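Scroll down for the structure; my scribbles are underneath it.
Methodologically, a virtual Cβ is constructed for each residue, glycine included, from the backbone with ideal geometry; neighbour enumeration extends over all protein chains shown. Readers should treat all values here as calculations from the given coordinates under stated rules, not as data from a laboratory.
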There are 2 protein chains.
Amino acid sequence: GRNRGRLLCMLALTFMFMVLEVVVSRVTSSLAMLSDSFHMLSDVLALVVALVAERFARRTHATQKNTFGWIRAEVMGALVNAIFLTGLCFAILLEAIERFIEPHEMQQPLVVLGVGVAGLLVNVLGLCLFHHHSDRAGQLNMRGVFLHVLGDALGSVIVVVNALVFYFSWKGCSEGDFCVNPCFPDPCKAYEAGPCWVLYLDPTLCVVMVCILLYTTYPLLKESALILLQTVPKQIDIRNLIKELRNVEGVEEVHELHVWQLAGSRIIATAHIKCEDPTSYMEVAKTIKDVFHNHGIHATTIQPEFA
Amino acid sequence: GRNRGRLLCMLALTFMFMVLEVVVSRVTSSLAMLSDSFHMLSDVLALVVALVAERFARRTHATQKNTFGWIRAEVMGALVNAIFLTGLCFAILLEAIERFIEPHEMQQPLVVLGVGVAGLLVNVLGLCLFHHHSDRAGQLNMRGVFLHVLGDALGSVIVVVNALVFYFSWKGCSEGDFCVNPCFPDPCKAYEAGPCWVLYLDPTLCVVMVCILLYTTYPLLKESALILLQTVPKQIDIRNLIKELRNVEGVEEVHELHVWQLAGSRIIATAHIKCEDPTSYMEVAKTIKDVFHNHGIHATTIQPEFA
Ligand SMILES: COC(=O)[C@]12CCC(C)(C)C[C@H]1[C@@H]1C(=O)C=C3[C@@]4(C)C=C(C#N)C(=O)C(C)(C)[C@@H]4CC[C@@]3(C)[C@]1(C)CC2
Ligand SMILES: COC(=O)[C@]12CCC(C)(C)C[C@H]1[C@@H]1C(=O)C=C3[C@@]4(C)C=C(C#N)C(=O)C(C)(C)[C@@H]4CC[C@@]3(C)[C@]1(C)CC2
């Protein structure tokens, strides 16, 4: 509900910001702005993934297909967001090392500053919106869009700082009067420009950006891929679980024990406990049920393989 | 085993091909070749993902964590490959529309042809290797690397055809003598080149490439995401399953019925069948077991909620 409205307003803000970029590019006569807009378009994919995930979360119904109900949509959306972000991070690192080998010059720092502060305020507003998720499946999914919004805001920060760096240290004697640049490899050749060391600042800070993005994304992907692999949660303990279950009176062993986490706090477990008398079984059944209860798990299915 | 050796030899061939590209770039004095090599590096990610998936497939052991055993590693690898490929396809489409708006000229068609036929033969060899997967989990994972190798070979085909197109229709009067190009937007300005319509061939065929890649990838991702969501397989029928189970003598109803697919042909099912006499339960248990047997499922766990 409220998270749905948050996603909707954030997506609307992204599209309005794209419209703003194309409108300011109409005035600047620049194709690089079109490139930046088309590359920032990639947030719409993650936003619509989170949207459809939240839409399918409210299914919680047993059907003729997927008799559990579409409860794992949240986890699937989180995993999709994590993998997509890692791929985008790889691509950004590739472009960064390319530009680091070839230091392309900067263009239009004032309007880049304007649009960068615009994106700064917008992305900080979006981050303040997505900070209550830094039951559980909701935060599990929203962590992906939080990571993407953090990447957005950090790109805004880095581009604004680079803009001011050029503004404050690049006299850039390159056009109009007698003006060349010694640090450019080949400016379409057949005084020298200002201090050129700032040229590599964009890649040498984009590398830090992608570093922090990987370092912060890895936990979300780890948790999600662990949940989807049918692994035991961190809370319960098999070693003492089976020991207590055996120590229960009436039981003699356990053939097969299975525990996993469906989507969230509700986890399921099955067993093959064995008794000796069929006359009294419901008492030991209630006993095993309350053992599981006191040990976390509440969705139980135990089969008395008699003798 | 043999699939492991296939992955190993293919990865070795990719690295040898990267070495070949850097060696021929040392001779050509071209950074675009470095860009192409660094972009073709992305296949190593998918190959190592498939590698670690195949390495974890052979676990099949009950442990203190993930009591089922790491059997879903195959499906997880397939899903990772599918999502990664879709993200890369998005990036390629973005670069393609950018180059379609700005038709950058072509460089060094002869050596591009040489390396393109090299990549052609290598990728066709790799495809012939990965054609037995066009139990089930093996093919399910290998479909990802098959899709990536198809993308590789199709990129080789498209670049070779574009190379011959330039070779056979681009006299390109652009350098040396009196030579300009009317179709270039601004060749760093303050006869005209040959027929320029071929300039857009690279994007207008890369779009077909990404179209066919999406159209062929979607089934793999669909199947994988359906398996990981705990959905009923396509084989069995709940509507008649529950009906027969009720028609069984002794049973009176079924509280909760759950069916899902663990990783492959081995699927699991649980139930809550209810009887009336605890004196005789093993007979109806064997009956329900053989009903499930004749109806597919073999991993069973049924609990007699008595009265
Ligand atoms: C979906 O990922 C985004 O869209 C983000 C993050 C959200 C943002 C802040 C809206 C935009 C962009 C963000 C950005 O700032 C704009 C560019 C870039 C093209 C700009 C230029 C200049 N000058 C450049 O030359 C290089 C150095 C090649 C930049 C490369 C990195 C890139 C795409 C990044 C940092 C990526 C992440
Ligand atoms: C991991 O995806 C790959 O690596 C593949 C497929 C495997 C291949 C065939 C080894 C290489 C590459 C393949 C390729 O051919 C080389 C380039 C490209 C940079 C070349 C140029 C020229 N000229 C260009 O200007 C544009 C038009 C921008 C091309 C863009 C597309 C791209 C990267 C593609 C088709 C991507 C897929």
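For the reader, a short list of remarks on this structure follows.
- Of all residue pairs spaced 6 or more apart or on separate chains, none has beta-carbon atoms under 8 Å together with a first member in the range A:112-124 that is closer than 12 Å to residue A:155 by Cα and a second member that is part of a helix (DSSP H, G or I) and within 16 Å of ligand 2 (Cβ to nearest atom).
- The C-beta contact set for the range B:186-204 (first residue more than 16 Å from residue B:163 (Cα to Cα), second residue more than 16 Å from ligand 2 (Cβ to nearest atom) and part of a helix (DSSP H, G or I), distance under 6 angstrom, 6+ apart or interchain) is empty.
- Criterion: away from ligand 1 (no atom under 14 Å from the Cβ) and either among the β-branched types (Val, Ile, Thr) or part of a helix (DSSP H, G or I) (or both) - qualifying residue of A:53, A:62, A:96: A:53
- Residue in the range B:128-137 that is crowded, with 20+ Cβ neighbours inside 10 Å, in a loop (DSSP other than H, G, I, E, B) and of a type outside the set (S, T, N, Q) present: yes
- Residues satisfying the stated conditions in the range B:61-74, i.e. under 19 Å from residue B:44 (Cα atoms) and surrounded by 23 or more Cβ atoms within 10 Å (Cβ to Cβ): B:74
- When A:31, A:13, A:45 are checked against the criterion of being surrounded by 13 or more Cβ atoms within 10 Å (Cβ to Cβ), within 11 Å of ligand 1 (Cβ to nearest atom) and either aliphatic (A, V, I, L, M) or at positive phi (or both), A:45 stands alone in meeting it.
- Checked against (1) aromatic (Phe, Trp, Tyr); (2) in a helix (DSSP H, G or I); (3) away from ligand 2 (no atom under 14 Å from the Cβ), residue B:84 meets all criteria but (3).
- The single condition among (1) of a type in the set (A, V, I, L, M); (2) more than 10 Å from chain A (Cβ to nearest Cβ); (3) assigned to a loop (DSSP other than H, G, I, E, B) that residue B:201 does not meet is (3).
- Of everything in the range B:229-265 that is part of a helix (DSSP H, G or I) and facing chain A (nearest Cβ under 8 Å), the residue that is nearest to residue A:301 (Cα to Cα) is B:238.
- Residue in the range B:166-174 that is within 14 Å of chain A (Cβ to nearest Cβ), farther than 30 Å from residue A:79 by Cβ and more than 16 Å from ligand 1 (Cβ to nearest atom) present: yes
- Residues of the range B:70-81 that turn out to be over 18 Å from the mean Cα position of the chain (by Cα) and either more than 9 Å from chain A (Cβ to nearest Cβ) or closer than 20 Å to residue A:83 by Cβ (or both), as a count: 1
- Residue selection: residue A:118 fails the criterion of being more than 10 Å from chain B (Cβ to nearest Cβ), under 16 Å from the mean Cα position of the chain (by Cα) and either assigned to a helix (DSSP H, G or I) or among the polar types (S, T, N, Q) (or both).
- Within the range B:33-48, residues that are within 23 Å of residue B:80 (Cα to Cα) reach partners that are in a helix (DSSP H, G or I) and within 16 Å of ligand 1 (Cβ to nearest atom) with beta carbons closer than 6 Å, at six or more positions or on different chains, in the pairs B:38/A:94.
- Residue A:45 being closer than 18 Å to residue A:144 by Cβ and within 12 Å of chain B (Cβ to nearest Cβ): yes
- Of all residues in the range B:138-157, those that are more than 14 Å from ligand 2 (Cβ to nearest atom) and within 21 Å of residue B:112 (Cα to Cα) total 0.
- Inside the range A:286-307, residues that are in a helix (DSSP H, G or I) and either closer than 11 Å to residue A:268 by Cβ or within 11 Å of chain B (Cβ to nearest Cβ) (or both) make up a count of 3.
- Selection status of residue B:106, outside any loop (DSSP other than H, G, I, E, B) and either at negative phi or at the interface with chain A (Cβ under 7 Å from one of its Cβ atoms) (or both): no
- Selected residue [within 14 Å of chain A (Cβ to nearest Cβ) and either aromatic (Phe, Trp, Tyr) or on the phi > 0 side of the Ramachandran plot (or both)] from B:84, B:130: B:84
- Condition broken by residue A:39, with the remaining ones in (1) under 19 Å from the mean Cα position of the chain (by Cα); (2) more than 16 Å from ligand 2 (Cβ to nearest atom) satisfied: (2)
- Contacts under 6 angstrom Cβ, first residue in the range B:266-280 being more than 8 Å from chain A (Cβ to nearest Cβ), partner crowded, with 18+ Cβ neighbours inside 10 Å and of a type in the set (S, T, N, Q), 6 or more apart: B:267/B:261
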